[PDB]
Amino acid sequence: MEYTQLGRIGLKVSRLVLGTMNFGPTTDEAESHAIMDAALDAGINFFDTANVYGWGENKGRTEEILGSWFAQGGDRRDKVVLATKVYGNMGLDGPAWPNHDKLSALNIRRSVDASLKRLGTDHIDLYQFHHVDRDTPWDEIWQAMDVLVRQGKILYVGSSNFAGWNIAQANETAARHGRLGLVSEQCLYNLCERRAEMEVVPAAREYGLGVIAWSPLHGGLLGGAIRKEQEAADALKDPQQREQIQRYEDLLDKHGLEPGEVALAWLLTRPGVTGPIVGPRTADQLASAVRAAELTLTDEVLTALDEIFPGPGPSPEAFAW
Amino acid sequence: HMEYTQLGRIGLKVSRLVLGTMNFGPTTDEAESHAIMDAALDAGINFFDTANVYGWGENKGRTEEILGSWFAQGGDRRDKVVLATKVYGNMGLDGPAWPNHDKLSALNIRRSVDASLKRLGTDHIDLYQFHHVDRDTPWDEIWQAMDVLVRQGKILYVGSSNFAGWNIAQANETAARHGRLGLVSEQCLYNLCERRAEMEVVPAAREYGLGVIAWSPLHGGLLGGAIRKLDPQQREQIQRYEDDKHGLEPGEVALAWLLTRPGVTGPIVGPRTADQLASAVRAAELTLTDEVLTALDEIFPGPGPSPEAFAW
Amino acid sequence: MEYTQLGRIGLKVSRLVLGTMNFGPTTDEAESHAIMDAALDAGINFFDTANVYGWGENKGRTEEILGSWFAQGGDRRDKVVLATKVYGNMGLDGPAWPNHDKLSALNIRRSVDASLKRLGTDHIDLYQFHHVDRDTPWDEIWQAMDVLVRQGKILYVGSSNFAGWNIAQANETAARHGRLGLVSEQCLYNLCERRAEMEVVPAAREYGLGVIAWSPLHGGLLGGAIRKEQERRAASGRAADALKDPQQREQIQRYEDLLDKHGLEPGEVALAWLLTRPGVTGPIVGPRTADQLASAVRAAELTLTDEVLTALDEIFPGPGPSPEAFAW
Amino acid sequence: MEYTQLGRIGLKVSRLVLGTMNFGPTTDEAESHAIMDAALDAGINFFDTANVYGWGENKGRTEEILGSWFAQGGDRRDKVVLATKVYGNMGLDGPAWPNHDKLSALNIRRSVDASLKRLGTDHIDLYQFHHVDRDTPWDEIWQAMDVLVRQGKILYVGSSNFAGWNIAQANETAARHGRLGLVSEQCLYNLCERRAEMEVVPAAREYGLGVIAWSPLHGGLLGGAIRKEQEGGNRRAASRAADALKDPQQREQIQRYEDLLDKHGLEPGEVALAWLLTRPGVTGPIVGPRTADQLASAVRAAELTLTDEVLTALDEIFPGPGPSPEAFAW
Amino acid sequence: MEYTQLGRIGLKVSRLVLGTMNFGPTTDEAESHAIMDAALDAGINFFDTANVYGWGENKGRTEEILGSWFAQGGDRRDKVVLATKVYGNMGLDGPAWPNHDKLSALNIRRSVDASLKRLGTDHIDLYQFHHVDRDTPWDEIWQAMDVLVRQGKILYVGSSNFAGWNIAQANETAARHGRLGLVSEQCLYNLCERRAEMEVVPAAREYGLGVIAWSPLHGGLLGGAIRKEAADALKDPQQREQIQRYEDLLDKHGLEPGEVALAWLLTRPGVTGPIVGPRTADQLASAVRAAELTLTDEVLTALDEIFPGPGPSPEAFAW
Amino acid sequence: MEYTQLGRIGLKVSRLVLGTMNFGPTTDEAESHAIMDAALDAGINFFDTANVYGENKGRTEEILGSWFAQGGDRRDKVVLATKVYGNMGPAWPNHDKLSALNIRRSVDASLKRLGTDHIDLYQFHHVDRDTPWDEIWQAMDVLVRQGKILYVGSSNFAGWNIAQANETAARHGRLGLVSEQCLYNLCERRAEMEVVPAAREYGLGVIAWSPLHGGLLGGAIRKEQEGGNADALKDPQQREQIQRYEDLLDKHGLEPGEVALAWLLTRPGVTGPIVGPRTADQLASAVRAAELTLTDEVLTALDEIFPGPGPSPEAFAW
Ligand SMILES: NC(=O)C1=CN([C@@H]2O[C@H](COP(=O)(O)OP(=O)(O)OC[C@H]3O[C@@H](n4cnc5c(N)ncnc54)[C@H](OP(=O)(O)O)[C@@H]3O)[C@@H](O)[C@H]2O)C=CC1
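Chains as they are written, first to last, in the numbering used here: chain B, 148 to 468; chain E, 14 to 325; chain G, 2 to 329; chain L, 45 to 374; chain S, 13 to 331; chain W, 18 to 335.
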């Protein structure tokens with residue numbers, strides 16, 4: 148298994164990040180524990196979850212399943228870098244009660260509290276914002292994170308679904324008063340959606356953040372979608388995206404490569420990318436993700452992939468000069 | 014149903030009505046207070062204002078005790094409310110305080126928040142407010158004491174009440190020097206009869222991004238139907254105000270008028286019945302015409318900002 | 002009773018500070034308790050003690066006597082601003098085991114924990130360095146004090162037996178990172194010893210520290226020691242050595258004669274004088290009896306005339322501030 | 045016993061530092077306790093240990109031996125400046141599991157908690173990085189140490205096996221935000237290996253760190269190793285490690301050393317220690333007695349006064365470099 | 013001509029730095045002028061000088077030659093990144109009058125004004141400390157350099173012959189009060205002398221300084237010294253043997269010693285480039301060829317075994 | 018000639034400081050110039066003057082100016098120190114003391130008289146309790162940045178003034194005071210209570226003025242007994258100190274004036290004494306005093322005769 152520093156910090160993580168979103172709604176408790184044991188066996192030490200995972204009435208269920216996993220002992224907690232998230236509404240689906248979503252110091256205090264209890268652990272290694280909150284200023288956010296840092300309840304802070312300039316503002320404000328800033332950004336990044344390349348990834352590289360790609364298969368659209376319908380994806384409605392996926396599936400047919408694996412290995416070549424979040428439901432899907440991390444894509448396949456799935460390049464050049 | 018706003022520049026979202034709490038104890042009883050709070054919650058009011066001195070005399074603290082009773086019932090009550098209380102007041106025998114048993118020394122702040130947390134039956138206050146400026150305590154002392162509480166998780170935010178504008182500036186410049194969040198709100202005396210917050214308090218609050226909470230929004234009930242059930246000048250000002258020509262109830266218009274003022278978060282309302290609360294709710298939905306605002310401005314003129322209020 | 006702000010900070014204190022050094026080695030526990038009750042009854046809210054007080058094998062006795070006073074209830078702890086000290090050796094008298102005296106963060110951690118236990122309280126209001134430690138830098142000291150402030154174990158930090166430039170360096174270092182600095186300096190200052198006037202008091206005034214004067218009667222020398230010489234702290238220590246030096250002896254003789262003539266008591270005048278000195282918060286009185294405490298209270302109501310102030314200045318000239326004190 | 049301040053800070057330490065490496069592997073629990081009690085009686089108040097001490101499956105055994113020492117009472121914990129270390133892999137020897145070695149905030153947090161539990165104490169006086177970690181930035185390290193300071197789990201932070209410029213960067217970063225920086229550096233420094241003089245000791249002195257010399261006898265090569273080879277007579281026929289001092293350049297240095305010391309009547313183990321005590325900016329050497337007898341010998345080396353003739357001749361045998369840049373440029 | 017950034021800053025410099033030490037005491041005005049025009053022609057934009065160059069009673073002569081060169085117009089001044097130095101005694105050789113050497117604000121002020129006058133220009137681009145001064149604190153030094161920056165007499169500050177920790181202290185002090193720190197360090201670094209790798213180069217890399225290698229041929233000892241029979245170190249059998257293995261190997265691969273020593277430096281991590289000291293047009297052309305040379309990995313490997321480096325501290329002496 | 022760093026900074030100065038106050042009517046312009054050339058010849062590079070030196074105020078600075086105008090590298094070799102604070106005209110408001118207004122006009126008048134474009138060391142002549150340091154540092158920082166001055170020094174400060182000044186300077190990157198001129202000699206040692214300990218903490222040079230205590234340490238009892246024309250020689254106890262001092266020096270064959278200067282050079286943190294020779298034989302006597310080595314026996318005896326106070330707080334408390 149390949150390891151890398153998470154951006155600029157001393158933390159070392161697996162380039163494959165185990166996502167936990169399916170633990171609860173798809174795989175049951177014991178099945179999820181087995182997948183986590185097997186991720187560990189393959190050397191994956193980086194586990195991403197969220198308070199909202201579980202969905203609907205079951206929000207928090209994913210954290211509970213990792214909690215019972217840690218409760219089996221055998222150094223599981225000691226060995227994993229535990230990441231979870233704050234921002235999302237934990238009450239009834241629909242419009243949240245005020246301050247029961249987003250990034251106020253008040254929601255941060257109550258959110259991390261409920262996460263620690265469901266996770267059955269006394270600390271979170273990587274506490275991430277699930278989305279930028281334009282209404283909370285960074286001196287409030289860093290006050291609330293710093294309370295947690297100094298109680299030993301969290302080690303590191305990261306973001307998800309930020310703009311590039313939010314990364315810059317967040318870390319400049321942290322650095323002004325001697326605080327470690329964001330250590331990582333979780334952005335939607337895959338062959339079909341490359342616009343994090345304009346500004347999010349350049350800002351992250353500048354400020355030394357790890358870049359973790361969520362929806363690395365674009366919701367399955369890059370995992371052999373077309374071949375599976377012959378045996379969201381309202382993209383296979385639009386014939387331009389459909390023809391794009393077709394050329395992709397055809398291209399990988401002639402190089403003998405699995406699309407679900409190629410999509411992951413492609414992200415691993417991109418400058419600044421720490422790795423994709425993989426969400427296997429079975430032992431075969433985990434082993435396939437591991438193979439994707441050992442794949443070496445030829446220049447030939449990389450060039451043709453860029454021809455099918457062009458990227459915008461960095462701003463300002465992407466739209467001006 | 015209820016209108017919400019950010020509290021000044023910060024991430025906290027509050028209802029534009031602030032549930033006052035001073036009646037709980039003296040006027041309404043524990044059972045009636047509990048039921049008004051349950052009602053406020055169901056109308057969407059999340060912002061409750063209280064003070065340690067509330068209850069008065071030998072009953073100072075009774076109000077905080079009543080809110081603790083309410084929280085102890087469970088049912089997401091503590092979780093749903095932005096709880097604001099106050100420090101400054103003597104909690105001992107009325108009359109001259111023993112030294113450091115009132116005002117804002119780090120010593121009185123330590124003893125006040127401990128006694129407030131115990132009576133409130135909660136491990137934290139969301140918004141801990143100075144009841145009054147203390148000219149004798151410097152801001153590096155006050156911010157030390159508040160930072161001890163912030164870092165213990167005992168409080169989240171700091172607000173002020175009865176500050177001058179320049180105290181607001183000094184307090185927040187001092188906090189920002191060393192990374193700390195400053196005052197997030199100022200609770201000032203603001204209503205149609207008393208507009209001198211407009212000279213400097215409200216302008217400083219808006220420059221520093223504080224929410225403005227208006228206490229005594231009906232000027233002691235003088236703006237809520239007085240001569241239609243104290244003087245020769247005061248009466249005929251109110252009489253022009255209380256003149257049906259436009260079809261509106263005075264008490265609700267005094268609240269709604271404050272909601273039009275730039276920088277104002279909302280007023281502190283103090284309902285004693287669920288029907289008074291339902292009126293306050295409608296006050297927050299009212300739209301006053303450019304008509305009625307221009308006329309209110311001639312009955313109750315305001316000073317404007319300094320320096321123009323008194324120079325040019 | 003007159004109250005004042007302690008220097009620039011919001012803490013209000015009585016202009017008389019109750020000293021406790023006598024409680025244990027010269028005044029027993031029960032009468033210590035009576036004096037403290039009388040002090041509280043007269044409006045004195047500011048008590049000074051030290052870990053070392055008690056002396057010898059009884060170092061810590063004074064704190065323990067304060068502890069059992071608080072334990073009697075009646076709001077005593079809540080009403081009193083409690084000050085103690087760190088620096089002194091709490092082990093066997095003589096050369097200290099390394100880091101069991103002075104102001105390292107290590108001695109600070111162990112010293113405050115033992116003080117809180119002997120005082121039977123969870124916080125000290127005013128925690129004072131007993132003496133400057135030239136070997137500990139201020140970033141180490143402010144680290145250790147800041148740990149205590151953030152845990153709630155102390156509120157304020159003060160100094161004792163500092164030079165003026167130590168006050169400056171300390172508070173400039175604290176302010177650089179937004180810490181409240183020293184709030185008070187407890188220095189030797191009385192009619193017989195006025196050299197804190199050169200730099201310590203000017204620096205304290207500049208930086209807004211309170212100034213509380215220790216041994217305000219010079220160990221009882223200024224309390225009628227000559228009249229009382231054959232019948233007591235004045236029979237020992239500072240006072241007794243001063244009485245054997247003829248010039249100091251003469252100074253005190255002129256002092257007791259001047260007060261005989263004006264119908265005033267020496268102990269009370271010595272305290273009243275300190276109360277006139279600019280920047281002085283108050284003297285730390287050292288009653289051995291309840292009588293002497295009621296006497297200090299009378300001192301706090303005395304008004305000295307210009308005539309008396311000028312004659313005292315003639316007997317007990319002071320240097321005034323540096324650089325003028327020794328240059329121009 | 046001679047005391048000194050540890051660099052610029054208020055902490056006072058004996059100029060002999062009691063190393064504990066041999067407690068567990070070569071000395072057993074009860075003799076380790078007796079050595080620590082005899083160190084205290086000689087005035088030594090400065091104990092240096094490490095989480096890794098113990099070796100192999102027994103990593104942490106040394107910290108446990110100190111813990112049972114402290115648990116005897118008698119003001120033992122109160123009298124000792126306790127130092128330990130973080131950086132080393134505490135699991136099975138070999139490649140470490142990610143973040144189970146080096147200086148991430150994650151490993152600092154788990155390493156100190158495990159050391160406090162083994163040491164049977166609620167705080168460490170001097171918590172030292174065993175080695176520079178080029179992959180962890182100083183705002184991450186200082187955040188982790190600052191959490192421990194503010195919780196009261198540690199008092200002072202030190203380094204070991206740093207470059208001079210790591211010392212400067214660490215303490216400049218700490219000073220920016222009012223944090224006390226490194227108070228001490230533990231570098232390899234002895235007659236045979238003097239290259240710490242180029243930049244490590246200069247930087248430590250500029251920034252006011254104490255300098256603690258580890259391996260002051262260069263693994264025993266300055267402790268009379270050549271005489272010790274010809275020691276047993278017939279015992280050398282036994283079925284015994286190969287002799288380790290083969291580099292002829294260094295072997296002749298050691299011969300000249302032992303001859304010089306024979307000429308002047310001095311003990312090689314004592315001189316190596318006392319020499320370090322003359323070097324500018326050095327606090328003291330770490331002494332690793334395996335017996336009460338070895339301790340008395342180190343204590344004698346602390347009271348030894350080396351004549352200027354012997355100091356001159358030792359310098360001729362073991363020349364140091366200058367400070368940089370002069371050592372290699374001008 | 014290969015260009016690079018000078019460490020972390022926006023200044024772009026050729027990977028060859030034109031030294032001017034020989035201008036005066038070896039080449040005279042007219043020929044140094046030709047060497048400088050030819051350096052411009054090959055794309056070299058980075059000229060290194062010093063106030064002391066010229067030697068003895070001719071100290072300042074080199075700067076005077078650059079001044080007479082710039083006075084010929086033709087965009088010479090505009091095209092060149094001009095670097096000079098302060099620290100050296102500019103008076104009578106031997107013991108210096110107090111404050112007429114080293115880095116006091118006193119010596120800095122008189123030193124830069126005399127340099128500017130001799131260079132015939134109103135600004136120096138890169139003003140370098142010739143050597144660390146352990147007796148002048150960095151708040152004094154940065155005060156003096158900041159005066160020169162704000163008056164527009166200098167743009168960047170650099171160092172020469174610092175220890176690694178001096179680089180760190182210098183730039184941490186500058187950054188605390190909003191000053192650009194050192195942008196480059198000039199160290200003795202070549203195949204024969206690699207101890208800059210212990211700490212100096214690693215500190216420069218951490219703080220983003222360019223690394224300029226001076227005496228890259230070790231006094232000419234690496235430019236074919238034994239065939240063409242300070243660099244007189246040849247007496248020592250140990251080093252003369254290094255040099256013969258060196259010349260022998262490059263004879264076998266068909267390579268010129270003076271060009272390999274330069275090209276080797278261009279492969280070292282964090283190195284900006286060597287300062288070359290041509291006395292003729294032939295030597296400049298040679299250095300240019302050196303900047304174009306690609307050393308194979310078996311030559312770099314054999315050069316390593318002949319000229320081992322220490323590696324970085326602490327590993328170099330401990331672990 | 019012995020040199021030293023001026024406190025913590027990179028400036029190197031001779032441990033004798035040539036004062037210019039005693040340039041007067043027994044001292045030509047021409048004889049002042051000769052003395053200054055002789056000082057340069059002896060290796061003294063540190064010249065101290067003041068604007069008020071000279072009702073004929075500024076004349077001293079003018080004499081230095083014409084000295085510099087002779088050329089011969091005189092300006093370039095000398096570390097030139099002058100002062101601001103004194104009235105140069107009861108003073109008209111802001112024509113004395115340390116306001117930015119008086120600093121600006123004083124330095125301009127000083128540079129004109131001195132006939133130079135810069136002062137190396139510009140010193141406050143006295144503490145000004147009414148001007149805050151952020152004002153003072155603004156005005157000095159303007160001069161630093163214009164190149165008109167290099168370093169700032171103090172004179173007749175309290176130790177806590179030194180601390181406050183340099184802490185304030187360092188907050189915003191500025192070089193603080195580099196030197197303090199204080200009254201300091203065997204008879205007056207109270208600068209050891211706080212001034213010198215602060216100066217040493219903050220790394221200032223200490224320049225001792227009135228090093229002979231107005232001549233009291235220059236053999237004043239011998240001169241009285243020899244007959245023919247401050248007086249503490251009427252004070253019995255102060256007289257006995259000076260008598261013990263002159264007896265001690267007679268027994269060891271040492272000159273009172275020279276020993277007073279040599280003693281100061283042994284004191285911790287002292288850069289040197291100001292000397293104001295009116296003749297060239299007085300200068301050579303000062304140079305010999307800087308060469309003298311006082312035995313430890315003599316230094317112990319001088320401490321018995323002239324006990325120091327110790328540092329505060331120990332000086333008066335414990
Ligand atoms: N920080 C430091 O270094 C020090 C601090 N302190 C603090 O200062 C306090 C006071 O010091 P202390 O030396 O006791 O003070 P004093 O100088 O007042 O000496 C006390 C003695 O003065 C006499 N006395 C006290 N009050 C009166 C009165 N009203 N009328 C007449 N005589 C009186 C009594 O002498 P007699 O018994 O002879 O009648 C008494 O024992 C101490 O309690 C301690 O807290 C003290 C010493 C050092």
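A virtual CB, placed ideally from N, CA and C, is assigned to each residue, including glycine.
State yes or no: is the C-beta of G/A40 nearer than 6 Å to some heavy atom of ligand 1? G/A40 Cβ: outside cutoff for every heavy atom of ligand 1.
I'd like to check one pair, L/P142 with B/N192: are the Cβ atoms closer than 7 Å? Yes, the pair counts as a contact, with Cβ atoms nearer than the cut-off.
Could you tell me which residues DSSP puts in a beta bridge with B/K401? B/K401 pairs with nothing; no bridge assigned.
Measure the Cβ-Cβ separation of S/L307 and S/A275 and say whether it is below 7 Å. Going by beta carbons, S/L307 and S/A275 fall inside the 7 Å limit.
Pair every Cβ in the region 279-291 of chain L with every Cβ in the region 242-249 of chain L, then say whether three or more of these pairs are closer than 8 Å. No, because fewer than three Cβ pairs between the region 279-291 of chain L and the region 242-249 of chain L fall closer than 8 Å, the two stretches do not touch.
Closer than 8 Å, Cβ to any Cβ of chain L: which residues of the region 194-215 of chain S, in chain order? Per Cβ criterion, the list reads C199, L200, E205, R207, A208, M210, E211, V212, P214 and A215.
Taking C-beta pairs closer than 7 Å, name the residues in chain L that S/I224 reaches, listed in chain order. Within chain L, no residue has its beta carbon less than 7 Å from that of S/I224; the closest one is some 13 Å off.
Cβ pair W/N173, G/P324 closer than 7 Å: Less than 7 Å divides the Cβ of W/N173 from the Cβ of G/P324.
Taking G/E186 as part of the beta strand (DSSP E), name the residues at either end of that continuous run. From DSSP, the beta strand (DSSP E) with G/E186 extends over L183 to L189.
Using only the heavy atoms of ligand 1, determine whether one of them is closer than 6 Å to the beta carbon of G/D49. Of the heavy atoms belonging to ligand 1, at least one sits nearer than 6 Å to the Cβ of G/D49.
Is it the case that the Cβ atoms of W/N68 and W/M105 are separated by a distance below 7 Å? Cβ distance < 7 Å, so W/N68 and W/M105 count as in contact.
Please go through the same chain and pick out, in chain order, the residues whose beta-carbon is closer than 8 Å to the beta-carbon of L/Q195, but skip the five residues on each side of it. Same-chain partners within the cutoff: there are none.
Simplified DSSP assignment, three categories, for G/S216: In the three-state DSSP reduction, G/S216 falls in the coil class, being neither helix nor strand.
Along the region 148-168 of chain S, what residues have a CB closer than 7 Å to any CB found in chain W? Residues of the region 148-168 of chain S with a C-beta atom less than 7 Å from some C-beta of chain W are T148, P149, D151, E152, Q155, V159 and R162, listed in chain order.
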